[PDB]
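File shown here: work_17.json, holding JSON, C-alpha atoms (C1' of nucleotides).
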[["chain", "number", "residue", "atom", "x", "y", "z"],
["A", 27, "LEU", "CA", -180.51, -45.02, -109.01],
["A", 28, "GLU", "CA", -179.05, -48.42, -107.96],
["A", 29, "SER", "CA", -182.38, -50.04, -109.03],
["A", 30, "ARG", "CA", -181.59, -48.44, -112.44],
["A", 31, "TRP", "CA", -177.75, -48.58, -112.18],
["A", 32, "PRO", "CA", -175.79, -50.53, -114.87],
["A", 33, "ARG", "CA", -173.22, -51.50, -112.17],
["A", 34, "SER", "CA", -174.30, -55.14, -111.52],
["A", 35, "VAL", "CA", -173.13, -56.21, -115.05],
["A", 36, "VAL", "CA", -169.45, -55.61, -114.21],
["A", 37, "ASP", "CA", -169.94, -57.28, -110.82],
["A", 38, "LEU", "CA", -170.92, -60.45, -112.68],
["A", 39, "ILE", "CA", -167.67, -60.60, -114.67],
["A", 40, "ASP", "CA", -165.25, -60.85, -111.73],
["A", 41, "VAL", "CA", -167.51, -63.24, -109.81],
["A", 42, "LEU", "CA", -167.36, -65.39, -112.93],
["A", 43, "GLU", "CA", -163.67, -64.67, -113.51],
["A", 44, "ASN", "CA", -162.44, -65.53, -110.00],
["A", 45, "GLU", "CA", -164.15, -68.89, -110.38],
["A", 46, "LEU", "CA", -162.67, -69.53, -113.83],
["A", 47, "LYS", "CA", -159.15, -68.84, -112.55],
["A", 48, "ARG", "CA", -159.92, -71.17, -109.64],
["A", 49, "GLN", "CA", -160.97, -73.83, -112.17],
["A", 50, "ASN", "CA", -157.71, -73.17, -114.09],
["A", 51, "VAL", "CA", -159.60, -72.02, -117.18],
["A", 52, "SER", "CA", -157.72, -70.10, -119.86],
["A", 53, "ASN", "CA", -158.58, -66.50, -120.80],
["A", 54, "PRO", "CA", -160.92, -66.18, -117.78],
["A", 55, "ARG", "CA", -161.47, -62.42, -118.14],
["A", 56, "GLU", "CA", -162.60, -62.51, -121.77],
["A", 57, "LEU", "CA", -164.56, -65.69, -121.10],
["A", 58, "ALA", "CA", -166.38, -64.02, -118.20],
["A", 59, "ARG", "CA", -167.13, -60.91, -120.28],
["A", 60, "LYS", "CA", -168.98, -62.75, -123.06],
["A", 61, "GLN", "CA", -170.79, -64.71, -120.36],
["A", 62, "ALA", "CA", -171.94, -61.39, -118.89],
["A", 63, "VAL", "CA", -173.31, -60.48, -122.32],
["A", 64, "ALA", "CA", -175.13, -63.83, -122.37],
["A", 65, "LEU", "CA", -176.75, -63.06, -119.00],
["A", 66, "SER", "CA", -177.73, -59.57, -120.16],
["A", 67, "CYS", "CA", -179.58, -60.73, -123.28],
["A", 68, "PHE", "CA", -181.68, -63.40, -121.56],
["A", 69, "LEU", "CA", -182.23, -61.58, -118.26],
["A", 70, "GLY", "CA", -182.77, -58.16, -119.86],
["A", 71, "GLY", "CA", -186.02, -56.58, -118.73],
["A", 72, "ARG", "CA", -187.30, -59.71, -116.98],
["A", 73, "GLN", "CA", -188.37, -59.72, -113.33],
["A", 74, "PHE", "CA", -186.15, -62.65, -112.36],
["A", 75, "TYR", "CA", -185.80, -63.57, -108.67],
["A", 76, "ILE", "CA", -183.29, -66.26, -107.68],
["A", 77, "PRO", "CA", -183.24, -68.46, -104.54],
["A", 78, "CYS", "CA", -181.53, -67.06, -101.46],
["A", 79, "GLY", "CA", -180.48, -68.67, -98.19],
["A", 80, "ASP", "CA", -177.67, -70.81, -99.67],
["A", 81, "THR", "CA", -180.23, -72.81, -101.68],
["A", 82, "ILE", "CA", -177.69, -74.46, -103.97],
["A", 83, "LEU", "CA", -175.07, -74.46, -101.21],
["A", 84, "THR", "CA", -177.21, -76.60, -98.90],
["A", 85, "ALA", "CA", -178.20, -79.06, -101.64],
["A", 86, "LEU", "CA", -174.48, -79.52, -102.25],
["A", 87, "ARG", "CA", -173.85, -79.47, -98.50],
["A", 88, "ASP", "CA", -176.49, -82.21, -98.55],
["A", 89, "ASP", "CA", -174.60, -84.34, -101.06],
["A", 90, "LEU", "CA", -171.17, -84.78, -99.49],
["A", 91, "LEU", "CA", -172.72, -85.46, -96.09],
["A", 92, "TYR", "CA", -174.52, -88.41, -97.66],
["A", 93, "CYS", "CA", -171.11, -89.46, -98.96],
["A", 94, "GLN", "CA", -169.69, -89.36, -95.42],
["A", 95, "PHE", "CA", -172.76, -91.04, -93.89],
["A", 96, "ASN", "CA", -171.77, -94.63, -93.06],
["A", 97, "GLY", "CA", -174.94, -95.65, -91.20],
["A", 98, "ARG", "CA", -173.21, -95.15, -87.84],
["A", 99, "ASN", "CA", -171.58, -91.71, -88.07],
["A", 100, "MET", "CA", -174.73, -89.68, -87.35],
["A", 101, "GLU", "CA", -173.21, -87.75, -84.46],
["A", 102, "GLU", "CA", -169.90, -86.60, -85.99],
["A", 103, "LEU", "CA", -171.70, -85.40, -89.13],
["A", 104, "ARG", "CA", -173.93, -83.49, -86.72],
["A", 105, "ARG", "CA", -170.95, -81.74, -85.12],
["A", 106, "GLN", "CA", -169.17, -81.05, -88.41],
["A", 107, "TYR", "CA", -172.28, -79.45, -89.92],
["A", 108, "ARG", "CA", -174.15, -77.90, -86.94],
["A", 109, "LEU", "CA", -177.31, -79.39, -88.47],
["A", 110, "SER", "CA", -179.54, -81.16, -85.92],
["A", 111, "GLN", "CA", -180.18, -84.94, -86.32],
["A", 112, "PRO", "CA", -183.97, -84.55, -87.01],
["A", 113, "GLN", "CA", -183.37, -82.78, -90.38],
["A", 114, "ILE", "CA", -180.25, -84.95, -90.96],
["A", 115, "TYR", "CA", -182.54, -88.01, -90.61],
["A", 116, "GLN", "CA", -184.82, -86.59, -93.35],
["A", 117, "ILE", "CA", -182.05, -85.34, -95.72],
["A", 118, "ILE", "CA", -180.14, -88.67, -95.40],
["A", 119, "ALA", "CA", -183.34, -90.62, -96.23],
["A", 120, "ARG", "CA", -183.90, -88.31, -99.25],
["A", 121, "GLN", "CA", -180.22, -88.61, -100.32],
["A", 122, "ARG", "CA", -180.66, -92.38, -99.71],
["A", 123, "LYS", "CA", -183.26, -92.59, -102.53],
["A", 124, "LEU", "CA", -181.41, -89.87, -104.53],
["A", 125, "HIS", "CA", -178.13, -91.87, -104.61],
["A", 126, "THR", "CA", -180.22, -95.09, -104.78],
["A", 127, "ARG", "CA", -181.37, -94.00, -108.29],
["A", 128, "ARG", "CA", -177.80, -92.68, -108.89],
["A", 129, "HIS", "CA", -176.36, -96.18, -108.17],
["A", 130, "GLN", "CA", -179.48, -97.94, -109.57],
["A", 131, "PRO", "CA", -181.19, -95.76, -112.26],
["B", 1, "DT", "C1'", -196.08, -20.16, -129.08],
["B", 2, "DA", "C1'", -199.09, -23.28, -124.26],
["B", 3, "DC", "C1'", -201.56, -27.23, -123.03],
["B", 4, "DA", "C1'", -202.30, -32.70, -123.27],
["B", 5, "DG", "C1'", -200.65, -37.91, -123.52],
["B", 6, "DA", "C1'", -197.19, -42.25, -123.69],
["B", 7, "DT", "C1'", -193.81, -46.19, -122.28],
["B", 8, "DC", "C1'", -189.66, -47.25, -119.07],
["B", 9, "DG", "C1'", -189.63, -48.57, -114.42],
["B", 10, "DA", "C1'", -190.29, -49.16, -109.76],
["B", 11, "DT", "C1'", -193.19, -50.75, -104.80],
["B", 12, "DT", "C1'", -197.33, -53.55, -103.44],
["B", 13, "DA", "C1'", -200.49, -57.48, -103.47],
["B", 14, "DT", "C1'", -201.57, -63.12, -103.24],
["B", 15, "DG", "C1'", -200.30, -67.92, -103.20],
["B", 16, "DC", "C1'", -197.15, -72.29, -102.22],
["B", 17, "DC", "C1'", -192.59, -76.04, -102.00],
["B", 18, "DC", "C1'", -189.66, -76.44, -99.11],
["B", 19, "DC", "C1'", -188.35, -77.06, -95.29],
["B", 20, "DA", "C1'", -186.13, -76.47, -90.74],
["B", 21, "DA", "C1'", -187.77, -77.57, -87.39],
["B", 22, "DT", "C1'", -192.10, -80.05, -84.78],
["B", 23, "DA", "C1'", -194.37, -83.83, -81.89],
["B", 24, "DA", "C1'", -196.39, -88.26, -81.47],
["B", 25, "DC", "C1'", -196.02, -93.43, -82.33],
["B", 26, "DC", "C1'", -193.18, -97.73, -82.59],
["B", 27, "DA", "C1'", -188.75, -100.62, -82.10],
["B", 28, "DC", "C1'", -184.85, -103.02, -79.01],
["B", 29, "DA", "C1'", -182.03, -103.12, -74.35],
["B", 30, "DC", "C1'", -179.08, -103.30, -69.56],
["B", 31, "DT", "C1'", -179.34, -102.88, -64.85],
["B", 32, "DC", "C1'", -181.46, -103.82, -60.81],
["B", 33, "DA", "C1'", -184.49, -105.98, -57.90],
["B", 34, "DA", "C1'", -187.08, -110.39, -56.30],
["B", 35, "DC", "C1'", -187.42, -114.91, -54.74],
["B", 36, "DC", "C1'", -185.41, -119.45, -53.91],
["B", 37, "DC", "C1'", -182.04, -123.22, -52.29],
["B", 38, "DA", "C1'", -178.68, -124.41, -50.45],
["B", 39, "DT", "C1'", -174.15, -124.62, -46.14],
["B", 40, "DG", "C1'", -173.30, -123.77, -42.19],
["B", 41, "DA", "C1'", -173.00, -121.39, -38.14],
["B", 42, "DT", "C1'", -175.67, -120.31, -34.27],
["B", 43, "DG", "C1'", -179.50, -121.36, -31.38],
["B", 44, "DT", "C1'", -182.58, -124.15, -28.44],
["B", 45, "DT", "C1'", -184.13, -128.29, -26.09],
["B", 46, "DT", "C1'", -183.74, -132.67, -23.97],
["B", 47, "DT", "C1'", -181.27, -136.09, -20.90],
["B", 48, "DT", "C1'", -178.51, -137.36, -16.87],
["B", 49, "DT", "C1'", -175.77, -136.92, -12.70],
["B", 50, "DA", "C1'", -175.52, -142.92, -7.50],
["B", 51, "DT", "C1'", -172.06, -140.53, 0.06],
["B", 52, "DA", "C1'", -175.98, -138.34, 2.18],
["B", 53, "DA", "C1'", -179.20, -134.95, 2.27],
["B", 54, "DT", "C1'", -186.64, -135.97, 5.03],
["B", 55, "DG", "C1'", -191.69, -129.94, 7.93],
["B", 56, "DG", "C1'", -190.88, -122.33, 6.08],
["B", 57, "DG", "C1'", -193.24, -120.17, 8.30],
["B", 58, "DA", "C1'", -189.76, -114.46, 6.52],
["B", 59, "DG", "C1'", -191.83, -111.27, 7.50],
["B", 60, "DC", "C1'", -195.33, -110.60, 9.14],
["B", 61, "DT", "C1'", -198.79, -106.90, 10.73],
["B", 62, "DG", "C1'", -198.05, -102.18, 14.39],
["B", 63, "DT", "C1'", -202.40, -101.40, 15.28],
["B", 64, "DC", "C1'", -209.05, -95.68, 12.90],
["B", 65, "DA", "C1'", -213.15, -96.23, 13.79],
["B", 66, "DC", "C1'", -217.93, -96.33, 12.19],
["B", 67, "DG", "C1'", -222.16, -99.03, 11.31],
["B", 68, "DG", "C1'", -224.52, -103.34, 9.03],
["B", 69, "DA", "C1'", -225.02, -107.61, 8.85],
["B", 70, "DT", "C1'", -223.93, -112.39, 10.26],
["B", 71, "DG", "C1'", -223.15, -116.89, 11.97],
["B", 72, "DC", "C1'", -223.36, -118.93, 15.86],
["B", 73, "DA", "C1'", -223.77, -121.37, 21.11]]

Show me this structure written as structure tokens.
Amino acid sequence: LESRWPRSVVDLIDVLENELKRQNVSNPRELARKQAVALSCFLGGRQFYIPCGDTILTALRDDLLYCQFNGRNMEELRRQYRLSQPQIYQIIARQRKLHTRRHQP
DNA sequence: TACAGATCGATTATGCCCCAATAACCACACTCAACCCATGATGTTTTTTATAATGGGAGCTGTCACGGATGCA
């Protein structure tokens, strides 16, 4: 029944709304409701799978680390993030080129 | 009145970008020897002594008894 339960829709409104109130946006409840309608029309009937495993959260977790990376602070960014240096080496090199084009398009 | 189908809607398959680790390959470095060259303290060797000095035995060894040469007288 859950696989055919119209319960998720309402779950989308508050998840939207609690963010809008966090972003100090006016009329967050009504704003979230019409957004939920917008999701329903596009996503209606489509087999639509979204990335799991904090996929956007890491890519953002990636960004601010590169902001804190000073070329010497490898170890403290290791402790603060629990990520091991090997991957940090790779992500920092990637973010290097990423922000390289950011600073120099 | 009895018997059929028909679309909404769910589990299953198959493949790959990423990617969170995987391992080799290359880069620069401090600490600890190793040997040498002094300074000097310790070691080793050589030289000289001007009253006069002028021959030991150093402890013997304490004792058997055959044979075969052996060098003489």

Original post:
Could you pull the residues within 10 Å of residue A:85, counting all atoms listed in the file, minus those fewer than 5 positions along the same chain, as a VMD selection string?
Top reply: chain A and resid 80 90 117 121

**OP:** Check every residue of chain B for an atom within 10 Å of chain A, counting all atoms listed in the file, and provide those that qualify as an MDAnalysis selection string.
**Re:** chainID B and resid 9:10 19:22

**OP:** Could you check how far atom CA of residue A:118 sits from atom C1' of residue B:28, in Å to one decimal?
**Re:**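 About the pair atom CA of residue A:118 and atom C1' of residue B:28: they are 22.3 Å apart.
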
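Note that atom CA of residue A:76 and atom CA of residue A:103 are 29.1 Å apart.
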
**OP:** Might you pull out every residue within 10 Å of stretch 61-66 of chain A, with only C-alpha atoms (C1' of nucleotides) counted and same-chain residues fewer than 2 positions away left off, and present them as a ChimeraX atom specification?
**Re:** /A:34-40,42-43,55-59,68-71

Output requested as a PDB file, keeping the file's coordinate frame - stretch 77-110 of chain A, filled out with N, CA and C atoms.
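selection.pdb written:
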ATOM      1  N   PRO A  77    -183.160 -68.008-105.932  1.00  0.00           N
ATOM      2  CA  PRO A  77    -183.240 -68.460-104.540  1.00  0.00           C
ATOM      3  C   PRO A  77    -182.126 -67.925-103.658  1.00  0.00           C
ATOM      4  N   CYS A  78    -182.486 -67.523-102.443  1.00  0.00           N
ATOM      5  CA  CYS A  78    -181.530 -67.060-101.460  1.00  0.00           C
ATOM      6  C   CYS A  78    -181.351 -68.129-100.380  1.00  0.00           C
ATOM      7  N   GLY A  79    -180.622 -67.781 -99.325  1.00  0.00           N
ATOM      8  CA  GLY A  79    -180.480 -68.670 -98.190  1.00  0.00           C
ATOM      9  C   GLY A  79    -179.700 -69.926 -98.521  1.00  0.00           C
ATOM     10  N   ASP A  80    -178.621 -69.773 -99.286  1.00  0.00           N
ATOM     11  CA  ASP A  80    -177.670 -70.810 -99.670  1.00  0.00           C
ATOM     12  C   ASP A  80    -178.366 -71.982-100.358  1.00  0.00           C
ATOM     13  N   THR A  81    -179.344 -71.739-101.234  1.00  0.00           N
ATOM     14  CA  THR A  81    -180.230 -72.810-101.680  1.00  0.00           C
ATOM     15  C   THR A  81    -179.474 -73.882-102.451  1.00  0.00           C
ATOM     16  N   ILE A  82    -178.550 -73.482-103.320  1.00  0.00           N
ATOM     17  CA  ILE A  82    -177.690 -74.460-103.970  1.00  0.00           C
ATOM     18  C   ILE A  82    -176.617 -74.958-103.009  1.00  0.00           C
ATOM     19  N   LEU A  83    -176.132 -74.075-102.133  1.00  0.00           N
ATOM     20  CA  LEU A  83    -175.070 -74.460-101.210  1.00  0.00           C
ATOM     21  C   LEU A  83    -175.511 -75.571-100.266  1.00  0.00           C
ATOM     22  N   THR A  84    -176.751 -75.520 -99.770  1.00  0.00           N
ATOM     23  CA  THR A  84    -177.210 -76.600 -98.900  1.00  0.00           C
ATOM     24  C   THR A  84    -177.361 -77.904 -99.673  1.00  0.00           C
ATOM     25  N   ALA A  85    -178.001 -77.850-100.845  1.00  0.00           N
ATOM     26  CA  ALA A  85    -178.200 -79.060-101.640  1.00  0.00           C
ATOM     27  C   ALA A  85    -176.873 -79.730-101.962  1.00  0.00           C
ATOM     28  N   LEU A  86    -175.809 -78.940-102.107  1.00  0.00           N
ATOM     29  CA  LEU A  86    -174.480 -79.520-102.250  1.00  0.00           C
ATOM     30  C   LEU A  86    -173.923 -79.921-100.889  1.00  0.00           C
ATOM     31  N   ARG A  87    -174.146 -79.084 -99.876  1.00  0.00           N
ATOM     32  CA  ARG A  87    -173.850 -79.470 -98.500  1.00  0.00           C
ATOM     33  C   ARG A  87    -174.583 -80.756 -98.141  1.00  0.00           C
ATOM     34  N   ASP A  88    -175.764 -80.957 -98.730  1.00  0.00           N
ATOM     35  CA  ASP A  88    -176.490 -82.210 -98.550  1.00  0.00           C
ATOM     36  C   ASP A  88    -175.726 -83.388 -99.132  1.00  0.00           C
ATOM     37  N   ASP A  89    -175.131 -83.205-100.312  1.00  0.00           N
ATOM     38  CA  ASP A  89    -174.600 -84.340-101.060  1.00  0.00           C
ATOM     39  C   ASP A  89    -173.413 -84.984-100.355  1.00  0.00           C
ATOM     40  N   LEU A  90    -172.407 -84.186 -99.993  1.00  0.00           N
ATOM     41  CA  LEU A  90    -171.170 -84.780 -99.490  1.00  0.00           C
ATOM     42  C   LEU A  90    -171.371 -85.356 -98.098  1.00  0.00           C
ATOM     43  N   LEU A  91    -172.338 -84.824 -97.348  1.00  0.00           N
ATOM     44  CA  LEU A  91    -172.720 -85.460 -96.090  1.00  0.00           C
ATOM     45  C   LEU A  91    -173.202 -86.879 -96.329  1.00  0.00           C
ATOM     46  N   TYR A  92    -174.053 -87.068 -97.339  1.00  0.00           N
ATOM     47  CA  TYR A  92    -174.520 -88.410 -97.660  1.00  0.00           C
ATOM     48  C   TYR A  92    -173.359 -89.301 -98.068  1.00  0.00           C
ATOM     49  N   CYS A  93    -172.324 -88.711 -98.670  1.00  0.00           N
ATOM     50  CA  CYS A  93    -171.110 -89.460 -98.960  1.00  0.00           C
ATOM     51  C   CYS A  93    -170.413 -89.907 -97.680  1.00  0.00           C
ATOM     52  N   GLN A  94    -170.329 -89.026 -96.683  1.00  0.00           N
ATOM     53  CA  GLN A  94    -169.690 -89.360 -95.420  1.00  0.00           C
ATOM     54  C   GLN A  94    -170.561 -90.221 -94.514  1.00  0.00           C
ATOM     55  N   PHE A  95    -171.871 -90.259 -94.740  1.00  0.00           N
ATOM     56  CA  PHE A  95    -172.760 -91.040 -93.890  1.00  0.00           C
ATOM     57  C   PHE A  95    -172.487 -92.529 -94.086  1.00  0.00           C
ATOM     58  N   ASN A  96    -172.091 -93.209 -93.011  1.00  0.00           N
ATOM     59  CA  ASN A  96    -171.770 -94.630 -93.060  1.00  0.00           C
ATOM     60  C   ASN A  96    -172.805 -95.498 -92.353  1.00  0.00           C
ATOM     61  N   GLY A  97    -173.936 -94.924 -91.945  1.00  0.00           N
ATOM     62  CA  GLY A  97    -174.940 -95.650 -91.200  1.00  0.00           C
ATOM     63  C   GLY A  97    -174.689 -95.710 -89.706  1.00  0.00           C
ATOM     64  N   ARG A  98    -173.548 -95.201 -89.249  1.00  0.00           N
ATOM     65  CA  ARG A  98    -173.210 -95.150 -87.840  1.00  0.00           C
ATOM     66  C   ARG A  98    -172.707 -93.778 -87.417  1.00  0.00           C
ATOM     67  N   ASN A  99    -172.287 -92.940 -88.362  1.00  0.00           N
ATOM     68  CA  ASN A  99    -171.580 -91.710 -88.070  1.00  0.00           C
ATOM     69  C   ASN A  99    -172.506 -90.514 -87.907  1.00  0.00           C
ATOM     70  N   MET A 100    -173.745 -90.749 -87.471  1.00  0.00           N
ATOM     71  CA  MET A 100    -174.730 -89.680 -87.350  1.00  0.00           C
ATOM     72  C   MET A 100    -174.188 -88.510 -86.532  1.00  0.00           C
ATOM     73  N   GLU A 101    -173.538 -88.806 -85.407  1.00  0.00           N
ATOM     74  CA  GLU A 101    -173.210 -87.750 -84.460  1.00  0.00           C
ATOM     75  C   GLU A 101    -172.089 -86.851 -84.979  1.00  0.00           C
ATOM     76  N   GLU A 102    -171.016 -87.426 -85.521  1.00  0.00           N
ATOM     77  CA  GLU A 102    -169.900 -86.600 -85.990  1.00  0.00           C
ATOM     78  C   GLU A 102    -170.314 -85.731 -87.175  1.00  0.00           C
ATOM     79  N   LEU A 103    -171.165 -86.250 -88.063  1.00  0.00           N
ATOM     80  CA  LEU A 103    -171.700 -85.400 -89.130  1.00  0.00           C
ATOM     81  C   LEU A 103    -172.579 -84.296 -88.558  1.00  0.00           C
ATOM     82  N   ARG A 104    -173.226 -84.555 -87.420  1.00  0.00           N
ATOM     83  CA  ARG A 104    -173.930 -83.490 -86.720  1.00  0.00           C
ATOM     84  C   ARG A 104    -172.976 -82.386 -86.293  1.00  0.00           C
ATOM     85  N   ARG A 105    -171.889 -82.748 -85.606  1.00  0.00           N
ATOM     86  CA  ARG A 105    -170.950 -81.740 -85.120  1.00  0.00           C
ATOM     87  C   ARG A 105    -170.325 -80.969 -86.275  1.00  0.00           C
ATOM     88  N   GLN A 106    -169.909 -81.683 -87.324  1.00  0.00           N
ATOM     89  CA  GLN A 106    -169.170 -81.050 -88.410  1.00  0.00           C
ATOM     90  C   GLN A 106    -170.041 -80.060 -89.174  1.00  0.00           C
ATOM     91  N   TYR A 107    -171.360 -80.222 -89.099  1.00  0.00           N
ATOM     92  CA  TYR A 107    -172.280 -79.450 -89.920  1.00  0.00           C
ATOM     93  C   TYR A 107    -173.158 -78.503 -89.120  1.00  0.00           C
ATOM     94  N   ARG A 108    -173.295 -78.721 -87.808  1.00  0.00           N
ATOM     95  CA  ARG A 108    -174.150 -77.900 -86.940  1.00  0.00           C
ATOM     96  C   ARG A 108    -175.634 -78.115 -87.244  1.00  0.00           C
ATOM     97  N   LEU A 109    -175.933 -78.985 -88.203  1.00  0.00           N
ATOM     98  CA  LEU A 109    -177.310 -79.390 -88.470  1.00  0.00           C
ATOM     99  C   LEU A 109    -177.758 -80.400 -87.430  1.00  0.00           C
ATOM    100  N   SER A 110    -179.002 -80.243 -86.960  1.00  0.00           N
ATOM    101  CA  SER A 110    -179.540 -81.160 -85.920  1.00  0.00           C
ATOM    102  C   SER A 110    -179.935 -82.496 -86.551  1.00  0.00           C
TER     103      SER A 110
END
